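Chemist: In this note's numbering, the protein residues as written are 18 to 200.
Positions of the beta carbon are idealized from the N, C-alpha and C atoms, including for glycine.
Pasting a structure below so you can have a look.
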Ligand code: HEM
Ligand code: NA
Ligand SMILES: [Xe]
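Below is the structure:
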């Protein structure tokens with residue numbers, strides 16, 4: 018994934034647990050050979066998977082719980098590290114935001130030529146609910162989508178309730194989430 022993602026992980030861990038913990042996790046992840054992540058440079062997806070697993074071991078939290086926290090953090094992080102206007106342009110409510118997500122990644126994709134973004138599709142079931150279809154080239158990030166939806170929730174001052182109804186992990190085609198929302 019692009020370094021921006023790994024910088025964000027480093028930043029979340031450092032701010033919440035301190036630099037000493039961040040150095041232990043980096044060492045454990047097998048990355049001592051990397052002084053710093055380059056935001057606009059492509060890295061092997063392995064770098065990120067090794068960091069999550071090393072953080073899970075060192076911090077004693079399941080990888081899935083860290084991915085939910087990272088998903089909320091990403092909403093705030095991008096807005097403060099050069100992408101606030103891009104975010105604002107994708108809208109001012111949770112559902113309109115999700116409709117634009119493919120289009121937001123296409124814009125991100127101008128500047129990150131080698132991006133493999135997720136694909137998201139909405140089916141609106143009412144003015145207060147939707148089904149969200151998530152398809153990805155990667156495994157295991159559905160829990161990250163749960164935290165991102167909560168970050169967008171805090172962003173738009175909107176109560177959100179998210180329940181996953183289908184799992185790529187239990188053989189289903191792709192992950193589907195059921196979302197209820199409300200001002
Ligand atoms: C301006 C804001 C954002 C920027 C600059 C950005 C950029 C990125 C980048 C660089 C990646 C890594 C992909 C790669 O290296 O191939 C990524 C992945 C991802 N992004 Fe976005 N992103 C933004 C906002 C969001 C938001 C708000 C969501 C909320 C759903 C989201 C959903 C995801 C997911 C689930 C992935 C995991 C990759 C996958 O599933 O295959 N992004 N994004
Ligand atoms: Na990576
Ligand atoms: Xe992300």
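Is residue 60 close to ligand 2? I mean its beta-carbon at under 6 Å from any heavy atom of the ligand.
Modeler: Flag set: Cβ of residue 60 near ligand 2.
Chemist: From this set, 83, 163, 98, which residue's C-alpha is nearest residue 195's C-alpha?
Modeler: Of the listed residues, the one whose Cα sits closest to residue 195 is 163.
Chemist: Could you check which residue in 34, 67, 58 has the C-alpha nearest to that of residue 49?
Modeler: Closest option to residue 49, Cα to Cα, is 67.
Chemist: Residue 109 by DSSP, collapsed to three states: which one?
Modeler: Three-state result, residue 109: coil.
Chemist: What's the gap between the Cα of residue 125 and the Cα of residue 148?
Modeler: C-alpha separation (whole angstroms): 24 Å.
Chemist: So residue 195 is in the beta strand (DSSP E); what residue range does that whole segment cover?
Modeler: Counting along the chain, the beta strand (DSSP E) containing residue 195 begins and ends at 192 to 199.
Chemist: Heavy atom of ligand 2 less than 6 Å from the Cβ of residue 57, yes or no?
Modeler: Flag unset: Cβ of residue 57 not near ligand 2.
Chemist: Please return the same chain residues whose Cβ sits closer than 7 Å to the Cβ of residue 127, not counting the five positions on each side in sequence.
Modeler: Contacts found: none.
Chemist: Skipping 5 residues on each side, what residues in its chain have a beta carbon closer than 7 Å to that of residue 62?
Modeler: Hits under 7 Å: 18, 155.
Chemist: Do residue 71 and residue 45 count as a contact pair if the criterion is CB distance below 7 Å?
Modeler: Yes, these two residues count as a Cβ contact at 7 Å.
Chemist: Measure the Cβ-Cβ separation of residue 153 and residue 130 and say whether it is below 7 Å.
Modeler: No, these two residues do not count as a Cβ contact at 7 Å.
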